[PDB]
Protein chains: 2
Amino acid sequence: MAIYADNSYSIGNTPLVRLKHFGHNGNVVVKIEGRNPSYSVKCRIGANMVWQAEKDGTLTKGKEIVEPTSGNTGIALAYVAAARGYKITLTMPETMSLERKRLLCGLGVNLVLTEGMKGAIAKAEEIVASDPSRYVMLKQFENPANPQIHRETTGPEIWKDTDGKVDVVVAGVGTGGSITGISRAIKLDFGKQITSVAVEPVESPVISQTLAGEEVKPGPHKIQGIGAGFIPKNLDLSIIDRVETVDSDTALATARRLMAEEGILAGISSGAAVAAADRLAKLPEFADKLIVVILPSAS
Amino acid sequence: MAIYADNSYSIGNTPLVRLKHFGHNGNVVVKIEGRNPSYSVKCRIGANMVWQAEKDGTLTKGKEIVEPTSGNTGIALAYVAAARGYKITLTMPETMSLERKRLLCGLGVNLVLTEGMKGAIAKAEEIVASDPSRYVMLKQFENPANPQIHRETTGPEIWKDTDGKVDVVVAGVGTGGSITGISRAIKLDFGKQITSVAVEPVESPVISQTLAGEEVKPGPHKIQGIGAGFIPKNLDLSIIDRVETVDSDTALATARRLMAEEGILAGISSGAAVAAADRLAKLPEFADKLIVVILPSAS
């Protein structure tokens, strides 16, 4: 019966856990996206972007994946390329975690060394163009199969596990696919007018500055996985009800609290997402509303 | 609806994935116990041992857990003590991973430094006896709630997800609870005469030497999580059909293969368990039999 044909098909069905030391009488529940292959939410889009390029015939036997590693998107693509027998080439800067090196190289990846993150993007492109018929780039910030997998899985899991009671969905934005696809699932396919809340670093609040017509001022920050410093094409502004900003220290402190007080290990961007939800959760406005927060990764 | 009241209740329902480059035409399927809170199988027993001591009244508000950290059992207990509001004290040797230190201390654990693993056991005991009314020791190698949680969850998940077709269950033995409880579920509660296969390091094959009446010769090895060098009280010899030995290098190489060829990240003890299953899987004897292998952890 329920035996997945490869590890890519095992993505998702991640759990909902109620928070005890956050929110107001249990109105904050978290979706633990770390209970995933490759230990992050990115497994969903790594699988679906590979899957869709197969349906497209833009990806076939003997074609080699190339992608600019967005830390976690590289691991997810790596494990999927290995699960489906594709050669893969990832590009990311000159250092990062030497654990991420050993892991990617352990996953059978061919890794490419560039000199920042806009810089790594380049050497992927000149590698793709080095031979356009051997190489496919998936482009995670604009590939519609990124939000589409969330509209098809992440959103519906939230709908089913909350029996339709979900009132607010809180999610940080890196590529924007999670909140776009979730919000699309619940508003458009299920028909409930929830409050979609994007979270971004207060140190780089380009979504807030954009929507307010203010000067867009990207800046350095420590909240890994969100705050790309621009509006991704996979972030559908038309569906964002509200934007919440969080600073790195609060985002970190919140991650520590989730561990010590809830027994939940999550990355700093989950701490940012929880801090934002807790803020909403303690407005009387949201006192009797079920808030669901995405925890995108483990650590 | 499906919202867990704390992280301890979210244990389990881990997935089955068919292996492509192991076994004979798909007869090896793996159970990814790393898709668990705390990223290992031990989450199941950390929860259930805490839960059962609560039912017992051997553990109540204000009592402080003490336990000799078996690497992964410490992390699982840590996250459960935090999820249920217990103070916890774990004992393990003088070094290990300074990441495990930061994680345990991050999980709110009070950590105790001893000078080997039989040595760490001692300072827990003299801490418990330092005040028997404040401290509870759970004793993972002999506590029946360890195999009992596998008879209640792990076994039945295997039964349901294979629609009863599971013929062989392959599992490494540290405390012995996984294979005991699984085998008890399938043989005794469901009534199928499967082949229960224990895996142990060839460098320390005390189960094989015992069952053969030979000299029991424990020895050093690198397969972390199994091979305690003795017969645990939670390992029910009466239910073991077969014992398979695996060396550290093969166990490691197999873990690498699972990553590079299957896209599955698992620890070295999962590599040992897969190597053993692959051996069985390529006996004509087992050619038309579904083999389920426990992958106990991520890394």
Side-chain angles (χ1 to χ4, degrees), chain B residues 14 16 19 22-23 28-34 36 40-45 70-71 73 76 117 140-141 146-147 149-150 154-155 158 166 168-184 186 194-211 218-232 234-237 239-258 264-281 291-299:
Chain B
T14 64
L16 293 192
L19 299 187
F22 293 91
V28 185
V29 175
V30 301
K31 187 155 175 61
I32 301 171
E33 283 301 296
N36 261 323
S40 107
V41 65
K42 295 307 211 300
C43 72
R44 291 176 194 261
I45 73 173
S70 146
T73 297
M117 189 59 111
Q140 81 191 295
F141 288 96
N146 167 351
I149 193 59
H150 298 293
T154 318
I158 292 178
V166 59
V168 181
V169 162
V170 177
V173 168
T175 81
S178 291
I179 194 176
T180 294
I182 290 164
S183 298
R184 283 177 179 176
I186 302 180
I194 61 176
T195 307
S196 296
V197 180
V199 184
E200 65 187 342
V202 76
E203 304 93 324
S204 175
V206 305
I207 304 163
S208 301
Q209 278 155 354
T210 298
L211 287 176
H221 70 92
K222 294 127 183 66
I223 311 179
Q224 315 262 125
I226 68 176
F230 62 91
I231 318 294
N234 278 329
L235 168 64
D236 182 357
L237 293 189
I239 219 175
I240 302 313
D241 290 281
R242 183 190 186 119
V243 177
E244 295 293 329
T245 64
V246 185
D247 62 278
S248 293
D249 299 358
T250 299
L252 169 63
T254 309
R256 278 166 171 156
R257 290 196 60 209
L258 284 162
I264 292 172
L265 170 56
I268 182 173
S269 53
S270 328
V274 168
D278 196 38
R279 196 177 288 143
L280 293 181
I291 302 176
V292 179
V293 195
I294 306 297
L295 309 194
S297 75
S299 182

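Naming: A, B, ... by sequence-line order, numbering from 1 per chain.
Using a 4.5 Å heavy-atom threshold, the side chains of B:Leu211 and B:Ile231 count as separate. Looking only at side-chain heavy atoms (C-beta outward), B:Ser40 and B:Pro296 stay at 4.5 Å or farther from each other. Counting only heavy atoms from C-beta outward, the side chains of B:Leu280 and B:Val28 never approach each other to under 4.5 Å. Put simply, the side chain of B:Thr154 does not reach to within 4.5 Å of the side chain of B:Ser178, judged on heavy atoms.
In this structure, B:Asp247 CG and B:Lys222 NZ are separated by 11.0 Å, a value rounded to the nearest 0.5 Å. A distance of 6.0 Å separates CZ of B:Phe22 from OG1 of B:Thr254, quoted to the nearest 0.5 Å. Between B:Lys42 atom NZ and B:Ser297 atom OG the span is 8.0 Å, to the nearest 0.5 Å. Once rounded to the nearest 0.5 Å, the distance linking OG1 of B:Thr195 with CD1 of B:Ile291 reads 8.5 Å. To the nearest 0.5 angstrom, B:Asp241 atom CG is 8.5 Å from B:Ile179 atom CD1. Note that CD1 of B:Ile45 and OG1 of B:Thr175 are 5.0 Å apart. Values are rounded to the nearest 0.5 Å.
At least one donor-acceptor pair under 3.5 Å links the side chain of B:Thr180 to the backbone N or O of B:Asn234. Between the side chain of B:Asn146 and the backbone N or O of B:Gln140, at least one donor-acceptor pair lies under 3.5 Å. Side-chain atoms of B:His221 come within 3.5 Å of backbone N or O of B:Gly227 as a donor-acceptor pair. A donor-acceptor pair under 3.5 Å is absent between the side-chain atoms of B:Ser196 and the main chain of B:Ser183, judged by distance alone. Here the side chain of B:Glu200 pairs no donor or acceptor atom with the backbone of B:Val243 at under 3.5 angstrom.
B:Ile268 and B:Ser248 get closest at one heavy-atom pair: CD1-O, 3.9 Å. Shortest non-hydrogen contact noted between B:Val293 and B:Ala277 is CG2-CB, 3.3 Å. Contact detail for B:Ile32 and B:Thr14: the closest heavy-atom pair is O-CB, 3.3 Å. Heavy-atom minimum distance, B:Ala276 versus B:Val199: CB-CG2, 3.7 Å. The two residues B:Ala228 and B:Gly174 have their closest heavy-atom pair at CB-O, 4.2 Å. Taking both residues in full, the closest heavy atoms of B:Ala251 and B:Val246 are given as N-CG1, 4.0 Å, listed atom of the first, atom of the second, then distance.
Looking at residues two or more places apart in sequence or on another chain, you find no side chain to side chain donor-acceptor pair (under 3.5 Å) involving B:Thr245. Scored by the salt bridge (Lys or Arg N to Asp or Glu O under 4.0 Å) test, B:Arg242 finds B:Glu244 as partners (sequence neighbours excluded).
Between B:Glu33 and B:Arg44, at least one side-chain nitrogen of the basic residue sits less than 4.0 Å from a carboxylate oxygen of the acidic one, meeting the salt-bridge criterion.
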